[PDB]
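In what follows, every heavy atom counts, from backbone to side chain, and hydrogens, waters and symmetry copies are set aside. Order of listing sets the numbers, starting from 1, for every ligand and every atom in it. Residues take their numbers from the sequence shown, with the count starting at 1.
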Amino acid sequence: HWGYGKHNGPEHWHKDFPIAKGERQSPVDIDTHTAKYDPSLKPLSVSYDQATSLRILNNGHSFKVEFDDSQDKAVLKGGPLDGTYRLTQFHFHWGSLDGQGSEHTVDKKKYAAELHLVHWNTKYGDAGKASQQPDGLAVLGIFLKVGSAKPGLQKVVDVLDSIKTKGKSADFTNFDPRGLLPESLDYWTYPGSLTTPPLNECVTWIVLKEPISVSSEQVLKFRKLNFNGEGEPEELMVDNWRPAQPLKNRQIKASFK
Ligand SMILES: Cc1cc(C)nc(Sc2c(F)c(F)c(S(N)(=O)=O)c(F)c2F)n1
Ligand SMILES: [Zn+2]
């Protein structure tokens, strides 16, 4: 089964998921000097005031906070998007040390981690069906750099000890994802894919220019998670990122400069 090791990691994925080598794979390196400023792009509308988190879980690849997406509670619209996208879950990707961990890179720079806020196009009714469509998902990408702590991340970091191993989960209510956003919503955008199997080409990527700062103590708690289930051999969940994939014919658009 797939993972991030030498034997089952990103370079192996195409065998089960041939789209791994397709025309719109993610992540990509964002060449800032090459992105096209599109003055026609709208501001991103992030309406998270009524968000309802439900649970947090370790799925053996990352950890995921799931939201109640059965009504229009936490939605992303505008920017490059047509229509409305509903927040279903967020998760992270991170490194074994601070100099790697992000999936997207900026002028080749790697961040310590990347937050993915995953939304689906309400015209498709469900995240499952949305993932079958070219405009099915919008993922808001946020880079983490190590420095001062992010106070709004703390509630997440404090419960990770309770979901150490694959398949553990816990109730996780009243978490406000607004506490994970940077000041600015300036963004790059491009058409791409899920960054783990099944790698569907269903994602409009929206990657925020401004990183959030998290502390070393916060990221160290991510690195205490395990890929393995309890009573299997210990393997720390670190370096759960896919490297940059070739851009091929695509243009990255910027909302700014
Ligand atoms: C919305 C949906 C539906 C289904 C069936 N699987 C998935 S799995 C998944 C995935 F493979 C991913 F790569 C990502 S990601 N890292 O944000 O691109 C994701 F959010 C995911 F939720 N996601
Ligand atoms: Zn992700």
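- A centroid separation of 6.0 Å or more is found between the aromatic rings of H104 and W188.
- Checking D16 against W2 by side-chain atom types alone, no donor-acceptor pair falls below 3.5 Å.
- In this structure, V157 is a member of the same hydrophobic cluster as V146, with clusters built from ILVMFWY side-chain heavy atoms closer than 4.5 Å.
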Between ligand 1 and the protein, find all N/O pairs closer than 3.5 Å and give the distance for each.
unit_1, atom_1, unit_2, atom_2, d
ligand 1, 16 (N), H91, NE2, 3.3
ligand 1, 16 (N), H93, NE2, 3.3
ligand 1, 16 (N), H116, ND1, 3.3
ligand 1, 16 (N), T195, OG1, 2.9
ligand 1, 17 (O), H116, ND1, 3.4
ligand 1, 18 (O), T195, N, 3.1

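- A donor-acceptor pair under 3.5 Å links the side-chain atoms of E210 to the main chain of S184, judged by distance alone.
- Looking only at atom types and distance, the side chain of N226 has no donor-acceptor partner in the side chain of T165 under 3.5 Å away.
- Between the side chain of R242 and the main chain of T195, no donor-acceptor pair closer than 3.5 Å is present.
- Both the sub-6.0 Å distance and the 45° axial angle are satisfied by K155 relative to the ring of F172.
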Check the pair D135 / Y124 against side chain to side chain contact (heavy atoms under 4.5 Å, CB included), numbers first and verdict last.
CA-CA 10 Å; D135 57 345; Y124 302 122; 2.7 Å; yes
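- Judged by distance alone, the side chain of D176 and the main-chain N or O of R178 form a donor-acceptor pair under 3.5 Å.
- Among protein atoms, those of element N, O or S found less than 2.8 Å away from the Zn ion (ligand 2) are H91 NE2, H93 NE2, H116 ND1.
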